[PDB]
Amino acid sequence: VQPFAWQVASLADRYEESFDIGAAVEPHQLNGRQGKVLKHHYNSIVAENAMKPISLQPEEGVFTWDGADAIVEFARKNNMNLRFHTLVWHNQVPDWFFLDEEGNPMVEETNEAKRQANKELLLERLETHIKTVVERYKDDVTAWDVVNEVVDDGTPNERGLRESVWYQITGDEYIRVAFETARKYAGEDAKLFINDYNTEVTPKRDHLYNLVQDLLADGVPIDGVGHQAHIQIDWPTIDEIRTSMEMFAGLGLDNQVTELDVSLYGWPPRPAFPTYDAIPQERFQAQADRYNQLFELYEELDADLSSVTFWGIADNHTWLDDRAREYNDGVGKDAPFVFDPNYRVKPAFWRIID
Ligand SMILES: [Mg+2]
Ligand code: NA
């Protein structure tokens, strides 16, 4: 039986010369056993859901700040840094954004002059949203996910841009405007990130690289790349992760690991173990080895890596469970962290604290 997280060495203290150690949180997790773990180990947090666009402006002019504010207050109370996730995404984003003045979806418009008017209207809505949120949180936020997941996994166009509703209506302009507007209101010292998953694998990595270089060439203010790092035990390789970070560092950009979890399964995540107890020890040991290697790499690259955030706290709450259940007939349990569901340490904890 392993000791509780609050009886072992602080991970934030361990990594204080190298990078922040962060966790994704929900407002209901800032008390009790999760609050205890968070205060002991982490010096950074991010909102899992409460700061996404639909969570902040669910209808036009109506802002819902309470969940977000609760997360900011916790960060402030405990001297934590704060990532803002996220100003722009194609999911968890309110429908009203993309309706024209008559109330119909902008993608349905065919008349060229009305499409141009719709584009202008959407970019204006984007600016007001960004302005309002940034004005509220600029003094608390230490890194912004300005845009999230705007690069595609395939090659639908030559630039590899995701053809979401944002792209369909504005092309790449929404990305430009998001960074320009964030810089404008948050000030020159705000750290502006483009965040994405599979930043380690081609062709996506190269599309992202090319995007960043294009935008930099046009003077668009991008300070860093967010590597979601939703990874597996054997995939991606240590070298693929290294090469990605080194590429972006080479452009003068900061790297952050933003949503790290180490799944016990492949993609798709099957076969999955039906419960936490059914998970065999080898999986935790294999995961410990993986975590060791990751964090040695992270330390090696610490001149170009400022923060490492896990997409959760302990194994009792992870979006990876939803995924497991989805490909295993409604039953499955993943275990991605260094703390187990009872907040006791796992083998991976020892292997990254040493
Ligand atoms: Mg180690
Ligand atoms: Na660093």
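Heavy atoms only: backbone and side chains are in, while hydrogens, waters and symmetry mates are out. If you read the sequence from its start, that first residue is 1, and numbering goes on from there.
In this structure the side chain of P3 reaches within 4.5 angstrom of the side chain of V345, judged on heavy atoms. The shortest side-chain heavy-atom distance between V146 and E180 does not fall under the 4.5 Å cut-off.
At a threshold of 4.0 Å, the pair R242-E200 does not count as salt-bridged, since none of the basic side-chain nitrogens sits closer than that to a carboxylate oxygen. A salt bridge is defined here as a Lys NZ or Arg NE, NH1 or NH2 lying under 4.0 Å from an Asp or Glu carboxylate O, and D100 with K114 fails to meet this definition. Ion pairing of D277 with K333 is absent here, as no side-chain N (NZ or NE/NH1/NH2) approaches a carboxylate O to less than 4.0 Å. The pair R159-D172 meets the salt-bridge criterion, since a charged nitrogen lies less than 4.0 angstrom from a carboxylate oxygen. Using a cut-off of 4.0 Å between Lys/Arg side-chain N and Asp/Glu carboxylate O, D218 and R176 are scored as salt-bridged. Between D153 and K204 there is a salt bridge, since a side-chain N of the basic residue sits under 4.0 Å from a carboxylate O of the acidic one. At a threshold of 4.0 Å, the pair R136-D69 counts as salt-bridged, since one of the basic side-chain nitrogens sits closer than that to a carboxylate oxygen. Taking 4.0 Å as the cut-off between side-chain N and carboxylate O, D321 and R325 do not count as a salt-bridged pair.
Summarising the geometry, atom CH2 belonging to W144 is positioned 5.5 Å from atom CG belonging to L87; distances are rounded to the nearest 0.5 Å. Distance check, rounded to the nearest 0.5 Å: CG of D329 to CZ of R270 gives 10.0 Å. Distance check, rounded to the nearest 0.5 Å: CH2 of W89 to CZ of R162 gives 9.0 Å. For the atom pair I353 CD1 and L11 CG, the distance stands at 4.5 Å (nearest 0.5 Å). Between atom CD1 of residue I71 and atom CD of residue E48 there is a gap of 9.0 Å, rounded to the nearest 0.5 Å. Atom CG of residue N49 and atom CD of residue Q92 lie 4.5 Å apart, to the nearest 0.5 angstrom.
Side-chain heavy atoms closer than 4.5 Å link hydrophobic residues (I, L, V, M, F, W, Y) into clusters, and following such links, possibly through other members, connects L208 to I231. Taking hydrophobic clusters as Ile, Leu, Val, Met, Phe, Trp and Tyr residues chained together by side-chain heavy-atom distances below 4.5 Å, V201 does not share a cluster with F248. One hydrophobic cluster, built from ILVMFWY side chains closer than 4.5 Å, holds both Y167 and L121. Under the 4.5 Å side-chain heavy-atom criterion for grouping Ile, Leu, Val, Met, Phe, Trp and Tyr, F193 is not connected to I130 through any hydrophobic cluster. Grouping the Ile, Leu, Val, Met, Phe, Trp and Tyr side chains by contacts below 4.5 angstrom, directly or via other members, places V93 with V133.
Using a 30° and 60° split on the angle between ring planes, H230 and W319 fall in the perpendicular class, above 60°. The aromatic rings of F273 and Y265 sit tilted relative to each other, their planes meeting at an angle between 30° and 60°. Between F63 and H129, the ring planes lie parallel to each other; the angle is under 30°, not in the 30° to 60° tilted range. Classified by interplanar angle (parallel below 30°, tilted 30° to 60°, perpendicular above 60°), the ring pair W311/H85 is perpendicular.
Figure legend: cation-pi geometry between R344 and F4, with NZ or CZ positioned under 6.0 Å from the six-membered ring centre and within 45° of its axis.
With hydrogens and angles ignored, the 3.5 Å screen pairs a side-chain donor or acceptor of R290 with a backbone N or O of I233. Using a distance-only test at 3.5 Å, with no hydrogens or angles considered, a donor-acceptor pair links the side chain of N255 to the main chain of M245.
Between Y291 and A348, the shortest heavy-atom distance links the atoms CD1-CB, 3.5 Å. The shortest non-hydrogen separation linking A5 to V37 is CB-CG2, 4.0 Å. Across all their heavy atoms, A68 and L56 have their closest contact at CB-CD2, 3.9 Å. The two residues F337 and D315 come nearest to each other via the heavy atoms N-OD1, 3.0 Å.
Annotation: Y343 is not in aromatic contact with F339 [ring centroid separation under 6.0 Å not met]. Here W65 and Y137 bring their ring centres to under 6.0 angstrom of each other.
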Between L99 and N104, does a side chain to side chain contact (heavy atoms under 4.5 Å, CB included) hold up when you go through it step by step? CA-CA 5 Å; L99 297 173; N104 302 315; 5.8 Å; no
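Between the side chains of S306 and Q256, at least one donor N or O lies within less than 3.5 Å of an accepting N or O.
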